[PDB]
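Notes for the structure review
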Number of protein chains: 2
Amino acid sequence: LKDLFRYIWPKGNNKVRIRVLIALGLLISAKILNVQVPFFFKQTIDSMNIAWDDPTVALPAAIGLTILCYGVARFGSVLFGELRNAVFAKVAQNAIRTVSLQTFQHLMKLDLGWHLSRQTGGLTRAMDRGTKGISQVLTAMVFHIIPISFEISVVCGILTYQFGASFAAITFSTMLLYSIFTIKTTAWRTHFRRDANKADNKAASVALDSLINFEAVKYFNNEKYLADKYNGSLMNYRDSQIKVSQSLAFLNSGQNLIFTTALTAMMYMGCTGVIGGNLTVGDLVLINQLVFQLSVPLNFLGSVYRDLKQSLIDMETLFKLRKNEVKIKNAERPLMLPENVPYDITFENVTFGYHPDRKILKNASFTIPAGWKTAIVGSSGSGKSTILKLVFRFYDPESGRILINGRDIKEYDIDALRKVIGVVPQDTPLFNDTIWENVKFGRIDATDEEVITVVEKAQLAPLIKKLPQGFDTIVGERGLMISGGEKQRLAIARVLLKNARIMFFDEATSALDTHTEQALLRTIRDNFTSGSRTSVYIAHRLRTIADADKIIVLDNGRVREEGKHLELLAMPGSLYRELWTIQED
Amino acid sequence: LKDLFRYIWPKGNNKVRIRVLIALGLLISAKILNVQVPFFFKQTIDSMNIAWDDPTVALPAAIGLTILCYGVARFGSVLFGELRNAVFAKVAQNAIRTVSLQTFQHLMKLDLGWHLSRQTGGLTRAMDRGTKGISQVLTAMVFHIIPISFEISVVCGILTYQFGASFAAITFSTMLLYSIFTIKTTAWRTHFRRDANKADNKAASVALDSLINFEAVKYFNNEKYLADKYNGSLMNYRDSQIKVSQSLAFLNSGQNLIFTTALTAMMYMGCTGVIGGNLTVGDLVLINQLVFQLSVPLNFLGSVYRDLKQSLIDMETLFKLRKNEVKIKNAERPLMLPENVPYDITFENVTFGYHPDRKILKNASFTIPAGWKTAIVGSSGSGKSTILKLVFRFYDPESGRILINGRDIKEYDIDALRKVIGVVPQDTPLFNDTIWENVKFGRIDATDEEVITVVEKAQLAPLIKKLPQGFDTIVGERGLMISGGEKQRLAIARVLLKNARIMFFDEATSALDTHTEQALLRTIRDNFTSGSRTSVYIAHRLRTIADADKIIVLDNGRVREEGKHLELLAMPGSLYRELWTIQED
Ligand SMILES: Nc1ncnc2c1ncn2[C@@H]1O[C@H](COP(=O)(O)OP(=O)(O)NP(=O)(O)O)[C@@H](O)[C@H]1O
Ligand SMILES: Nc1ncnc2c1ncn2[C@@H]1O[C@H](COP(=O)(O)OP(=O)(O)NP(=O)(O)O)[C@@H](O)[C@H]1O
Ligand SMILES: [Mg+2]
Ligand SMILES: [Mg+2]
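Residues numbered from 1 in each chain as written, not as in the entry; some residues may be left out. Chains lettered and ligands numbered in written order. Heavy atoms only, no water.

Per the deposited record, determination of this structure is attributed to cryo-EM, with the resolution reported as 3.4 Å.

**A short note on the site of ligand 2**
Taken together, 19 residues surround ligand 2, and among them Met-481 of chain A together with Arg-358, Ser-380, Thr-386 and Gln-426 of chain B come closest. For ligand 2, an oxygen atom lies 3.4 Å from a polar atom in the backbone of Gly-383 of chain B. Residue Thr-386 of chain B places a side-chain N or O atom 2.6 Å away from an oxygen atom belonging to ligand 2. Here ligand 2, which alone exposes 630 Å², has 93% of that area covered by the protein. Listing elements by their share of the shell around ligand 2, those giving two or more residues are α16 (484-498) of chain A together with α11 (385-391) of chain B. The class makeup of the residues in the shell around ligand 2 is six nonpolar, 11 polar and two charged. (Near = heavy atom within 4 Å. Polar contact = N/O pair within 3.5 Å; in protein donor to acceptor, adjacent residues only side chain to side chain. Areas by Shrake-Rupley, 256 points an atom, 1.4 Å probe, with all protein chains shown as cover. Helix = DSSP H or I, 4+ residues; strand = E, 2+ residues; numbered from the N terminus. Nonpolar A, V, L, I, M, F, W, Y, C, P; charged D, E, K, R; others polar.)

**Digging into the UniProt feature "binding site: glutathione" in chain A**
The feature "binding site: glutathione", as annotated in UniProt, sits at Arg-189, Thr-190, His-191, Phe-192, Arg-193, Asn-252, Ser-253, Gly-254, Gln-255 and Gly-302 of chain A in this numbering. Assignment of secondary structure puts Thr-190 of chain A in helix α6 (residues 166-212). Look at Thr-190 of chain A and you get partly exposed, because its relative accessible area is 30%. Relative to the helices and strands, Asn-252 of chain A is located in helix α8 (residues 223-275). Those residues in contact with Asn-252 of chain A, other than ones at most four positions away along the chain, are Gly-302 and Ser-303 of chain A together with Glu-82 of chain B. (UniProt positions renumbered as here; feature names shortened; annotations may be inferred. Buried < 20%, exposed > 50% of the residue type's maximum accessible area, 1.4 Å probe, protein only. Contact = heavy atoms within 4.5 Å.)

**A short note on the sheet that holds strand β4 (residues 399-404) of chain A**
Think of a sheet as strands paired side by side through backbone hydrogen bonds, with each pair either parallel or antiparallel. All names here are of chain A. Strand order across the open sheet formed by three strands is β2-β1-β4, with antiparallel pairing between neighbours. Looking at which strands have only one partner, the edges of the open sheet turn out to be β2 (364-368) and β4. Taking the axes of each pair of neighbouring strands and ignoring which way they run, one obtains an average angle of 5° across the sheet. (Pairing = 2+ DSSP bridges. Axes fitted to C-alpha atoms, helices over the stretch in contact; angles between N-to-C directions.)

**As for the site of ligand 1**
Close contacts around ligand 1 come from 19 residues, with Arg-358, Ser-380, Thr-386 and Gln-426 of chain A together with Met-481 of chain B the closest. Those residues lying near ligand 1 are distributed over chains A and B. One of the backbone nitrogen or oxygen atoms of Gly-381 of chain A is found 3.1 Å away from a nitrogen atom of ligand 1. Measuring from an oxygen atom of ligand 1, one finds a backbone N or O atom of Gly-383 of chain A at 3.4 Å.

**Quick word on the interface of chain B and chain A**
With 170 residues of chain B in contact, the opposing surface of chain A contributes 168 residues. Summing both partners gives a buried area of about 16400 Å² for chain B against chain A, and 65% of it is carried by carbon and sulfur. Summed over the shared surface of chain B and chain A, the result is six salt bridges. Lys-487 of chain A serves as the salt-bridge partner of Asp-427 of chain B, at 3.6 Å between the closest nitrogen and oxygen. Across the contact surface, chain B and chain A share 23 residue pairs in polar contact. (Buried area = accessible area lost by both parts, 1.4 Å probe. Salt bridge = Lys/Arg side-chain N within 4 Å of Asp/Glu carboxyl O.)

**With respect to the pairing of β2 of chain A**
Residue and element names in this part refer to chain A. Only one face of β2 is buried, namely the one carrying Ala-364, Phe-366 and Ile-368, since none of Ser-365 and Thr-367 on the opposite face is buried. In this structure, strand β1 (residues 345-351) lies alongside β2, joined through four bridges in antiparallel fashion. Note on β2: the bridge partner recorded for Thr-346 is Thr-367.

**Quick look at the nonpolar core**
Residues and elements named next belong to chain A. By size, the foremost hydrophobic cluster in this structure holds 125 residues, and its most contacted members are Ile-134, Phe-347 and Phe-504. Ranked by residues supplied to this core, first place goes to helix α3 (residues 61-109) with 11 residues. When near neighbours in sequence (up to four residues on either side) are disregarded, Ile-134 contacts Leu-4, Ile-96, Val-99, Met-315, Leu-318 and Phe-319. (Core = buried A, V, L, I, M, F, W, Y, C linked by side-chain atoms within 4.5 Å.)

**Structural notes on the environment of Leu-4 of chain A**
Residues and elements named next belong to chain A. Inspection of the secondary structure assignment puts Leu-4 in helix α1 (residues 3-8). Owing to a relative accessible area of 5%, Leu-4 belongs among the buried residues under this scheme. Along the chain, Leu-4 and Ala-95 lie 91 residues apart, while their C-alpha atoms are 8.3 Å from each other. The residues contacting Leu-4, other than those within four sequence positions of it, are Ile-134, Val-137, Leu-138, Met-315 and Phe-319.

Below you can see the structure in the form of structure tokens.
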């Protein structure tokens, strides 16, 4: 309820502040007319109360002008209220777009660890419920809480000024009792809403976790156990929502009992004032009409807005998504990369763990030199994608430096660092789009001749010549509508279309046959000139990197050896010699 | 608006029908009291209108009983309305649970092609918006549309009976004008709501597609292009929502102008009836009070329920998810599998394409015999996971048979078929849970000694002995918090814990080193007895299946050859000989 006010009453941009003030003026004029209309009703009743002695005479125009003033006052109240709702809905819709676009870019700016420590369907559900919560809070605050509070203020002022201080005592007493009762029963009521919110979040989490892994559910026949794990949280949500609605019905019944006792005591005191002759029947109909037209929107406010604290909770968690902490960022004076330099990465005394408990790269130190196709081998789980994500600066180590041409990568701009490093990862997800949009995702501003020659360069041409909708077939959710071989060839096509300088191939071939991997490695080695690209092959198939220029052996950090292939085979008892021997036998 | 009525007024289960009838009776009694209360106001006004000649006398109890009847009638109306809302909220919450649980199981019952041709975040968003739409439609239909229609009916009846037929003419004319104006401006208004719904769905789709592939966005620096593709649909949604709210403000202003003209003409005709002496001032305050307490909830109905056709659209698309067509199902008299038989699969004249355009298995015919570790090789894209999904009966072919022990698999129960077939797939997703819950997902009713010996059997023991929270480390979203090697060893641990009979290994080793794959294949070959499990290895690493019992060569369907390894190497120019030669060179 603070950053929303910062968005609807910002610093600068005086046009939206003028629109907010126009909405406030229309609100004030609408409530003034809605208080003026029972005075016209009192006038047309207390004027008609005289004794008429002629059934054939028309009514005088002095009463017709008061009846027309009643009608014009009622319609003017409704018209001004709806114009206020129109202009503040324009302001609210602009605030909703700017908060959605300002939270999406900051959701994109965060590091990889925060995204892997969350759930993307949960993020999308939180963003959607926060947007609908912002809409519901602004709609409730421009229609229900603010106008009825202003109406209570002006009706209490009218009843203080017009009919002495006993009505002031009655109105102050019933506002005091109303506030005490509402505060006590809301402090009782919030626990069931907390339980309902927790049960609904657990239900959505189990439904999403069972719908993403549909193949891993139907492989092991766990439909019934997942349905029961869903059903338990559904029963908890049903019990908590039933108790929420029953306690809110008790809230509304007690509140409107207090207000009905107030209205009946006000009409009774007005009647015994009429007995004394100080008042008239116009005061009776004025007092009832004022308190009744105050009592009806209080009932509808308490009824139809049963979820407003939940909307504040959703708005607050959307702003908490907005107000998180990005921890990977460029320095104060960021340097820029040179123009024609093959880059040689150098790790000195690096040490990094994804959590502070374990340390993956226990004092690793090596160098990837420029222009040489180097190759990283190692046992499964020895941190090779770790040093990939450390060059790419997704994370940052605890000690050591990640130097490029002597300068650190902490002092480089992160976009100018990530624009020269092309990479295929181990597990490749795709977009729910065609093959053409997925290949063209490398360079957006790329001509289609380059896209065609890259697709025919990445050994994907017979697949497009065999498909009936080539460069148009939708690959479905996450690339699951094609196999693993076409997915890895598509990722290699993306990196070949980007045409970067470093080219980290992180398991470039895992699900391709021997002929396709040999033709693909031949047409990648035949692509670029000597000493231009600093190609880094993270590979387990040791035959594919037998012709490499420098091989680096990893075993849970602490690089054991590095050198050419013949020297590593002619070494007395290395790890690469044993891996090559079990490969050849 | 039909299946919702089928859920709130079902066949059988008479307790919820008694609860619905109790809600309807409380609604009728609440509206009867709300029509009775201005008659008590007319009584206490027309009784107080006499000439009082004493300021010191107390008011008579004959007026105090009418004032107490006014207060009791108002509070009884509010109390009966809130009790009705309570019991129908109980019915609505039970209907919401049973529709969520009845749509989740049918979302699980569908085939794989429907799930791959959709988006899981879209399914979760549709389920959540359909649930909130069911809640909003039932809350609106028990509080706004039905009670105000019943109130309009009884107030029109009162004004027909009590004050002649001229008020009947006025009320019928203003209902006719109200209906004509509402129908015409709603037929104008629905287009902007359609555009807003399309823009919101496209915005949510682009946000989810960019948040799932966060690594593939940050690899290629496409933050700004995705932000602009988000921003365009956000601007379309903002324009359409602004036009929706402005047209709804025009709707409410015109409707309440018609009703204000009706109320002013009714008060004018009542006044000129009072001039004739037939009526009194009690009729004036009765007519205004009745039409005013009808006019206020019509205004709040038109205002606060600005999204009800959207709630019907979300409810009908949730029911459309419920009323889809499952096309993979067991027969009328499903057989069951025998008790101790090693199963031998036999494909005869099979032909299957995922779409009717292309045909993957162009007349394939082979046999996987029982007790033999067979091995499928082939070029990348030749349909190996296709015949995996055809044995598992995710899909069904166009011709040919998929026989097991002579009998077809169309006449077997699908759960008794899927309970003997264990399988690891190519791309393995995991649950957002620990390693213990992910290994235990194979057999839920498995003792923990079996889980420990399977984890130490699937070569995962040094990872658990190196982790600081072994069997407790959360693997994050979709298993991305561990590497590919631990993911494939986890899937092999799942299949080893299920202890099935067939064991389709679909690229069991793609991201493991040579030592780990050799130890894993040795401890899998040392597990089961001879001639018990009909192990089927879909493999590209031809060294891992050199000791297989029967190798089958695929190339875009139409199985080329099948036989042992030595006979396939000693063949004049086969495909497997060329793959083995490029493997050895
Ligand atoms: N976000 C993460 N949080 C915790 N551990 C992680 C995370 N990412 C990777 N790891 C762990 O860190 C260890 C090695 O990291 P990793 O760099 O992924 O090895 P790897 O080279 O990819 N293994 P492989 O794919 O078989 O070659 C393993 O225990 C991983 O599970
Ligand atoms: N739902 C699908 N819709 C359309 N095509 C599909 C679908 N699933 C798989 N395919 C295509 O069908 C062809 C081969 O299917 P597939 O069985 O996945 O081959 P594969 O053996 O897995 N290839 P590989 O992983 O390299 O061994 C390929 O063109 C796939 O893209
Ligand atoms: Mg790795
Ligand atoms: Mg395959």
